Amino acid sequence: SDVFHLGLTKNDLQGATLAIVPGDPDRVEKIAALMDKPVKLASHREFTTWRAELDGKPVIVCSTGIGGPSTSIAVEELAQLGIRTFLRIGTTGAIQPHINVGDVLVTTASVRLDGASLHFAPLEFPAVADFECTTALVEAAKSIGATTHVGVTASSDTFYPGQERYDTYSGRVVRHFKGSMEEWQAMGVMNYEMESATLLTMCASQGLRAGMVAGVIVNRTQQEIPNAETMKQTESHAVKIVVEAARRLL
């Protein structure tokens, strides 16, 4: 193996340059399946890697696990192996009342509520998605008919306090984050997730194309924790779009 964590070699990718990077390792095969010649490459820690084929070209699907740090690992090592375009596909909670469960969100840039982005660029550097990628995602989403929102995302190092969830063991939120969701709401931020800040920053600052898309599985103006019932029906929606977007980016 050529890299410390992913257990992959440059040869495994077969000249692949684009990677779809889901968070959950169980979604990896699920995504690979949407393409041709799906092959499992490796599985170590939270990192599961498949190769597949898109219009006759090699494509990598690789999980990041939850959060900046492990994302920063998968991205770095995939880059070492030759990946130049990263498309993230996620699940998110919307914080605007007009965004519905099932809606697809394309992120233009992220509020940096993470730590890892700082290890790549100072806070003043914009966690902005690549223009070609965003265009690919926005268009892909149009062509499959999904009801889509394009905007800024709050990308947090936690699932609980940083997203101002109170229904927690301690039931307090550090002062810094108290009332933070209302502020993000006022600034028109669409949603919370946990990886885009690191992903987008580290790519934007190292000449790597990144895009970010997610399916809404809970609206925060209503609940803190999603219901299981239509979580999978929304997943299948955004996956379709990211694969299509990838097609457009090859």
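Counting begins at 1, following the sequence as shown.
Colleague: Of the two stretches 115 to 123 and 81 to 89, which shows the higher Cα B-factor on average in the entry?
Modeller: For C-alpha atoms only, the mean B-factor is higher in 81 to 89.
Colleague: Would 194 to 202 or 50 to 58 have the larger average of its C-alpha temperature factors, as given in the entry?
Modeller: Comparing averages over the C-alpha atoms only gives 50 to 58.
Colleague: Could you say which of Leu208, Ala214, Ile225, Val189 has its CA atom at the highest B factor, as listed in the PDB entry?
Modeller: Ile225 has the highest C-alpha B-factor of those listed.
Colleague: Looking at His176, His149, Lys142, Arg172, which has the biggest Cα B factor in the entry?
Modeller: The record points to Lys142.
Colleague: Hey, what third does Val218 fall into on Cα B-factor, ranked over its chain?
Modeller: As the PDB entry reports it, the C-alpha B-factor of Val218 lands in the middle third of its chain.
Colleague: What third of its chain's C-alpha B-factors does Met181 belong to: lowest, middle or highest?
Modeller: Middle third by C-alpha B-factor.
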